[PDB]
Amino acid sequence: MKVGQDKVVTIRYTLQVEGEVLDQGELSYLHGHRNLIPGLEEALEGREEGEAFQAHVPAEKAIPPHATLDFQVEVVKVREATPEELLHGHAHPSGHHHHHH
């Protein structure tokens, strides 16, 4: 499945700024709901599950001022959102736990 609006996407990433690793890990987000750094979400659009890629994200689409955010990203999983995720506007952990905010 390809990354797109209303998909919950799991990525593994390393973030460098000026050549230094600042963060690394794995996260899941609901795509198309302004829940991720915009330039990173833009880089992810249309990517296939399994794809690995580098993205340069300027501060003006996202740490010192006006530095480039250099991401190394793997698309781990792509699935469709549940109705509850769509209503809440965010991704939920695998285990069903009905709730509101």
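When you see a residue number, it is the position in the sequence shown, counting from 1.
Using what the record says, work out whether there is a hole in the model between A62 and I63 and how many deposited residues it spans (none, 1 to 3, 4 to 9, 10 or more). The entry has a gap there, with 4 to 9 residues left out between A62 and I63.
17-25 versus 80-88 - greater average Cα B-factor per the deposited record: Comparing averages over the C-alpha atoms only gives 17-25.
Where do the C-alpha atoms have the higher mean temperature factor in this entry, in 52-60 or in 71-79? The stretch with the larger mean CA B-factor is 52-60.
Report the third (lowest, middle or highest) to which the CA temperature factor of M1 belongs, ranking only the modelled residues of the same chain. Ranked within chain, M1 CA B lands in the highest tercile.
Tell me, lowest, middle or highest third: where does the Cα B factor of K7 rank within its chain? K7: CA B-factor falls in the lowest third of its chain.
Looking at the C-alpha B-factor of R47, is it in the lowest, middle or highest third of its chain? According to the entry, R47 has a C-alpha B-factor in the chain's middle third.
Check where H66 lands among this chain's C-alpha B-factors and tell me if it's the lowest, middle or highest third. According to the entry, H66 has a C-alpha B-factor in the chain's highest third.
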